[PDB]
Number of protein chains: 6
Amino acid sequence: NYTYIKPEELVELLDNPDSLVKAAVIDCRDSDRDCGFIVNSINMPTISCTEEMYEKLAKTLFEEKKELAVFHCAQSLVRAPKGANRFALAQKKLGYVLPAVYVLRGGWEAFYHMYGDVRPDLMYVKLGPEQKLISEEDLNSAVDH
Amino acid sequence: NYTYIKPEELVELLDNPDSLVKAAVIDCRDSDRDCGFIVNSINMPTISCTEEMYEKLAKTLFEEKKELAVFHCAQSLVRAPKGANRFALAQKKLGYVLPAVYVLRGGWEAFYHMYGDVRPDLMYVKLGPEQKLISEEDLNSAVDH
Amino acid sequence: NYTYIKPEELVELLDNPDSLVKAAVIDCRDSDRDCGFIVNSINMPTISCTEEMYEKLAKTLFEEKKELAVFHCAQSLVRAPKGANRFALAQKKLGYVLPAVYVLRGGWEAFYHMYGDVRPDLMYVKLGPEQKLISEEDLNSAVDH
Amino acid sequence: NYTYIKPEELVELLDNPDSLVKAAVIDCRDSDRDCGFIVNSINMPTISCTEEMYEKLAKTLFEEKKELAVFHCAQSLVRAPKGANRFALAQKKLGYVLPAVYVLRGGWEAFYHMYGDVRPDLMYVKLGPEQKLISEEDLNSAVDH
Amino acid sequence: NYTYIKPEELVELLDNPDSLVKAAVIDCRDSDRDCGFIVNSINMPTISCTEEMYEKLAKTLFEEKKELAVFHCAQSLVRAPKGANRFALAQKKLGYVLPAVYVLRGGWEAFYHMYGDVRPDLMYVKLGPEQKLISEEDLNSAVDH
Amino acid sequence: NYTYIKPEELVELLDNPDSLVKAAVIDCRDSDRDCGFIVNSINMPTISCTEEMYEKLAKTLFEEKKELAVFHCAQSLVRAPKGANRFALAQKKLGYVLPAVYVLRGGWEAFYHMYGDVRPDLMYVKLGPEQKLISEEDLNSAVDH
């Protein structure tokens, strides 16, 4: 079980001081994660996560007092909704209902289409030899001579 | 028909100016295309290209003297093979025999997995409020400086 | 495994109230589900349902004493037979053989084509600011009045 | 060549009497067309339309003074962009550059998802033994009664 | 322009021997035509028929005073309605409106599904050397012996 | 992954009774499967098969000691390569290397184009009210007196 949250509502959570400590962004992508991601997102590849990994995350997000868990993948058509069903079912087996579970409508592709050119502080990539994290804002600053 | 080319083989092609003016890279991805790509790739998104489009390509690349046409998508399992099949068929209809048709084995996923940190000069992304082309090599350079 | 049921046969199950308590209609569509549906169909979108969801369905319909589970999507060529396959394999894993598993030949489109204009009591839509359920029979009456 | 238009942008055109007589809506759906549609959309099912059909549409729209042709299907991922590609290739063959060519981003599903519950005056269905056209607005009115 | 004819309606035509001389059956399949076919159907493969070929058939069926031309392919989704569009367009260009144009709903596959066991007089194959025309009724006989 | 087997090479495996029990033939067609087929090919219709199905198939063929799994569809351009890809993927997950995986070049059309008359004994159809398996050799013979 999950319901959908739009890219703008997700930006609103991420921009709120309190809300953000109450949110987890669960990235369900696999080799396509390195296209770009939200910072702080947790990678749960739908193609490889096992039952016990979802259980462990349910308990960890419960203990961190998360109230929303926002699943996305590339299009949020197949991988994110499947990871959101497994996660909800893990929660129900363990007896939790928080965090509540959402699927980011249209996934990273829609999110990046809408905000990539206007909110580069939200978008991260791994750059270089050591695969170091950096925002597209800081990458943009660094390119601008 | 087509045959397969490996990532090593395509970097040999791209590292040589003579080979390189004889070669076209046809990127068959759709909404996942901007994950990263080969500079001067031609986008023929297999999901929405139609017969005359592959016919015009076939004419253009004959005329431009290309001898190799390398089709790839993300994994080169569904979209690039369909793209090369349709391009082969267009060739057969228009009576051309050149460029000869290749699919990049393992597609962009494998190319980047193999060469993403040894050859960042080959890897392009789009960045900024205007999303301009830039190599990952130059990105590493701006961040180092 | 599954075998096919025609629209004529399904209408015969729905019309017979004994048959009807013994039948479940599994709608396997996703973003195209609200074009029209069978009242009380259970949605199990093929594109995003996971193993445990089929296992839970298999136990529920077994406990409800269902004898037939009729899977359909839009055309019944891809998503309904994939669903019926996942369901038959969930049932087998759990050791159930009832309900027996069918695919509605031709899907909602053949069903509505055949019966939309003579049996509007069978055809439901959602309508209005709250997108409420209502049969096409009820809509026709309202339009007359 | 086409570019994308968003559903909000299409509603602006539809809502303005002047933009409306300069705009045409090309619905590229086939057996899923009757899910719901825009009134006076032109049906050109991508699956079965042939080259002369797009030529005759190009001349008709040109002669009707249309300035925009907005192609959609269900998701606008396969059928609408293919129709828009065929259409733009037929306009070029015949020597026309008006109307300009657009694809409604997200197709009928994203349009009706955004507007179905608040602009029912834009949404048509077919209803009854005659399968007669009616807007959801009128359907809402009749239901009141 | 065409409308649809069901398999039951086509057998009705093929059984009335006065119907039958006013009727042509146009098979638009290519290499799959040999799956089985209707006797004296005319093969117009959609994949290779040219405009001049549809024009010539329009004049010939007109001059034979055909009143119905029923197009089919394997599923009647792509190749038959394309053939029927091309034919109707040839007829309109040449100034004919007879024969009227129909597509066999569900194509050879639905037709054989429904009638292959009960009306084997209507099904033909080509069997053997360079290949003799034989009904399956005659084949069923020859086998029984 | 998989490699291609030419029809000549297939008929070589087939004629061996030794290498017949080392070989499995996977027919990946769907509603076009009954056009004609190899006897005891296994039907894995690419359009409706699910992950588990290829797993069970992989296990089964391993049990049964097979050394070559030959996938084919009508043309072996879309459905069989996908059959083989999903199959190889299942083998890799379950840690099998045998059977090795092949796609028949040109699929059923090529095979029958090349052997339908020289080799009528390899060519099965289903026939008459019980649609019973029978080789074309046999049919040809039964047609002799």
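Observations
- Hits in the stretch D:42-52 - residues which are farther than 20 Å from B:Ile47 by Cβ, free of Cβ contacts under 8 Å to residues at least 24 places away in the same chain and not in a strand (DSSP E or B): D:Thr50, D:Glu52
- Top-ranked residue in the stretch E:31-41 [being among the hydrophobic types (A, V, I, L, M, F, W, C) and not in a loop (DSSP other than H, G, I, E, B); ranked as surrounded by the most Cβ atoms within 10 Å (Cβ to Cβ)]: E:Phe37
- In the set F:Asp32, F:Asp15, only one residue is touching a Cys at 6+ places or on another chain (Cβ under 8 Å) and not aliphatic (A, V, I, L, M); that residue is F:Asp32.
- Scan of the stretch B:2-30 for residues that are surrounded by fewer than 18 Cβ atoms within 10 Å (Cβ to Cβ) and closer than 30 Å to D:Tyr54 by Cα, ordered by number: none
- For the stretch E:1-29, a residue qualifies if it is farther than 26 Å from C:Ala110 by Cβ and not aliphatic (A, V, I, L, M), and the qualifying residues are E:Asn16, E:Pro17, E:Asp18, E:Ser19, E:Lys22.
- Counted residues, the stretch C:8-25 - those being within 12 Å of C:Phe71 (Cα to Cα) and either free of Cβ contacts under 8 Å to residues at least 12 places away in the same chain or assigned to a helix (DSSP H, G or I) (or both): 1
- Residue that is under 23 Å from B:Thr3 (Cβ atoms) and touching a strand residue (DSSP E or B) at 6+ places or on another chain (Cβ under 9 Å), where the choices are F:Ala74, F:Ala23, F:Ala80: F:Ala80
Backbone-built Cβ (ideal geometry, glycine too); neighbour counts: all protein chains shown. Coordinate-derived values only; no laboratory data.
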